[PDB]
Each structure stands twice: as C-alpha cells, then as structure tokens.
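# Understanding the architecture of this molecule
Read off the chains here:
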Amino acid sequence: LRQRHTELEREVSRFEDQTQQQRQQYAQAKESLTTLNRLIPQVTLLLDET
Amino acid sequence: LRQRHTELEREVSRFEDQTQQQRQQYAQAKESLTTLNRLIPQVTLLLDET
Amino acid sequence: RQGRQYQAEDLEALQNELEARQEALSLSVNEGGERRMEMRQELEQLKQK
Amino acid sequence: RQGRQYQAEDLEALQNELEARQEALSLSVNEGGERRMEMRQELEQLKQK
C-alpha cells in the first residue's frame, strides 16, 4: 500500500500539474475573450479607424 | 448494514438529483450570461437610452 | 429569452450575480462530487463488511 | 498579449475560437480536479487501510 501511495502521489502530482498548466493557459485565453468583449465588443465600429 | 445501504442509496439519489439540477440550471445561467457579455457588454451605455 | 422585461436600463448587476452563480456552480459541483464519491467509498467499506 | 498582430482589424472569429477553449476549460478542470480528488479519498482509504 505504500507503493500505491507513491504511484498515487505521482498521479496526483501529474493531475495537479496538468490542471495548473491547463487552467493557466485556458484562463489567460478566457481573460483575453473578456478583454475583447469588454474593451472592444464591436466598439471598433464606433472608432472605425477614421 | 443493509439499513445503511438503503439510506445511502436514497442519499446517492439526492446527490445525483442535486448535482444534475444545479449543473443544468447554472449551465443555462452561463449560456444567458455569455449572450449578455457577447451582445450587450456595456453596449447599453454606448446607446445610453439617448 | 431570460426574464420577460429584465432591468434592461442597467443590467451589469445581473452579470455580476450570474458570475457569483458560476462560482456557486463550481462550489456545488465539486462539493456534490467529493461528498457523493466519499459516501460511495463508505458504501464500499460497508460492502466489504 | 496573445498573437503579435493576429488579424486585429476584424477579430470577431477569434472570440468563437476562445469559446470552444472556454467550454474545454470547464471540462478539463472539472475532470482533472475530480481525478485528483478521487485519488485524495483513495489515498485516505489507502492511509486508513
């Protein structure tokens, strides 16, 4: 059962790492979508680069 | 222990019902929030009911 | 679609409450998930018993 | 911030890409978190065993 703990701790580390990286890149992408639809939700049509 | 199993099965059912209901209800809330933050994220202020 | 006439004059407060309800989604789904699986493990102890 | 120029002239299509990512965010974190949590309980069992 101690060997099982070790592999379990390895697997926990893999999921914690994977979830940390995944949530960081995906949250940065989600935050990018929020910046786009908050700062420029077709507001570029009011600007129109005139 | 069979009494415990019976009550535990009732409780499993309650958790399944609750987890389903909340995931659906909040997913429809997410779908409604995403339509608002897509179509009218402060666009109502650009309009200003002028 | 949602509501019939739903505070169209100033709706940002609803976006904030719906975000709070998405936090409630994450809390509720994780709590229900851990509690149901932990009580399922209690069921396994009971089954072995 | 993301991309270097990345079609900023008309960026509407990218929001749709980010939506697929946002859906997959929830799936990927919900499953991952549940897996580690399942093993947290199993670890406690193994610990209890």
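Residues numbered from 1 in each chain as written, not as in the entry; some residues may be left out. Chains lettered and ligands numbered in written order. Part of a larger assembly, values for the part shown. Heavy atoms only, no water.

As recorded in the entry header, the structure was determined using cryo-EM to a resolution of 4.3 Å.

Looking at the PDB entry, one finds chain C named Chromosome partition protein MukB, with Photorhabdus thracensis as its source organism. The record for the entry shows the title "MukBEF in a nucleotide-bound state with open neck gate (monomer)".

If you look chain A up in the PDB entry, it shows as Chromosome partition protein MukB from Photorhabdus thracensis.

When its secondary structure is counted, chain C shows 1 helix and 0 strands. Buried positions account for 31% of the 49 residues belonging to chain C. Of the accessible surface of chain C, which amounts to about 3,500 Å², a share of 46% is contributed by carbon and sulfur atoms. The averaged location of the 11 negative side-chain charges in chain C is 13 Å from the averaged location of its 8 positive side-chain charges. (Helix = DSSP H or I, 4+ residues; strand = E, 2+ residues; numbered from the N terminus. Buried < 20%, exposed > 50% of the residue type's maximum accessible area, 1.4 Å probe, protein only. Areas by Shrake-Rupley, 256 points an atom, 1.4 Å probe, with all protein chains shown as cover. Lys, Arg positive; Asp, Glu negative; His and termini not counted. Charge placed at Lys NZ, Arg CZ, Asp CG, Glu CD.)

Time to look at the interface of chain B and chain C. With 25 residues of chain B at the interface, the matching set in chain C holds 25 residues. Ranking the residues of chain B by area buried against chain C places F15, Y26 and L33 of chain B at the top, with a combined share of 25%. Remark: the boundary between chain B and chain C carries 2 salt bridges. The salt bridge partner of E16 of chain B is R40 of chain C, with a shortest N-O separation of 3.0 Å. Counting across the chain B and chain C interface gives 7 residue pairs in polar contact. It is helix α1 (residues 2–39) of chain B that provides the largest number of residues to the side of chain B that touches chain C, a total of 21 residues. Partitioned by chemical class, the residues of the side of chain B that touches chain C number 10 nonpolar, 9 polar and 6 charged. (Contact = heavy atoms within 4.5 Å. Buried area = accessible area lost by both parts, 1.4 Å probe. Salt bridge = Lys/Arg side-chain N within 4 Å of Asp/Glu carboxyl O. Polar contact = N/O pair within 3.5 Å; in protein donor to acceptor, adjacent residues only side chain to side chain. Nonpolar A, V, L, I, M, F, W, Y, C, P; charged D, E, K, R; others polar.)

Take the interface of chain B and chain A next. Frequently, the measure chosen for interface size is the accessible area that the parts lose on association. Counting residues at the interface gives 5 residues for chain B, matched by 6 residues for chain A. For the pairing of chain B and chain A, the buried interface totals around 430 Å² over both sides, and the portion due to carbon and sulfur atoms is 57%. It is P41, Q42 and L46 of chain B in chain B that bury the most area against chain A; as a group they hold 64% of the surface buried on that side. At the junction of chain B and chain A, the tally comes to 0 salt bridges. On the surface where chain B and chain A come into contact, there are 1 residue pair in polar contact. Partitioning the side of chain B that touches chain A into residue classes produces 3 nonpolar, 2 polar and no charged.

On to the relation of the copies chain B and chain A, then. For the pair chain B and chain A, the best superposition has an RMSD of 2.0 Å and corresponds to a rotation of 172° with a translation of 2.8 Å parallel to the axis. In this assembly the copies share their binding face: 100% of the residues contributing to the interface of chain B also contribute to that of chain A. (Least-squares fit on C-alpha atoms.)

The next thing to look at is the packing of helix α1 (residues 2–39) of chain A against helix α1 (residues 12–48) of chain D. Remark: α1 of chain A packs on α1 of chain D, axes separated minimally by 8 Å, with the N-to-C direction vectors making an angle of 155°. One element, α1 of chain A, and the other, α1 of chain D, form an angle in the roughly antiparallel class. α1 of chain A and α1 of chain D meet at a crossing whose hand is left-handed. Taken together, the residues that form the contact of α1 of chain A with α1 of chain D break down as 16 nonpolar, 10 polar and 12 charged. (Axes fitted to C-alpha atoms, helices over the stretch in contact; angles between N-to-C directions. Parallel < 35°, antiparallel > 145°, perpendicular 65-115°, else oblique. Left-handed = near helix turned anticlockwise from the far one by under 90°.)

Residues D48 and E49 of chain A together with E9, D10 and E12 of chain D make up a contiguous surface patch of negative charge. Turning to its location among the elements, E12 of chain D is positioned in helix α1. (Patch = residues over 30% accessible without salt bridge, like charges linked within 9 Å, V, L, I, M, F, W, Y side chains within 5 Å.)

Moving on to the side chain of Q22 of chain A. By secondary structure assignment, the location of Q22 of chain A is in helix α1. For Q22 of chain A, a relative accessible area of 7% translates into the label buried. Those residues in contact with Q22 of chain A, other than ones at most four positions away along the chain, are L25, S28 and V29 of chain D.

Applying the stated rule across the entire model yields 11 salt bridges over all chains. For the salt bridge of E42 of chain C with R4 of chain B, the shortest nitrogen-to-oxygen distance reads 2.6 Å. Here the residue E42 of chain C occupies a position in helix α1 (residues 12–48), and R4 of chain B occupies one in helix α1, the pair thus bridging two chains. For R10 of chain B, the salt bridge identified is with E9 of chain B, shortest N-O distance 2.8 Å. A residue is classified by how much of its surface remains accessible, and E9 of chain B, at 39% relative accessible area, is partly exposed.

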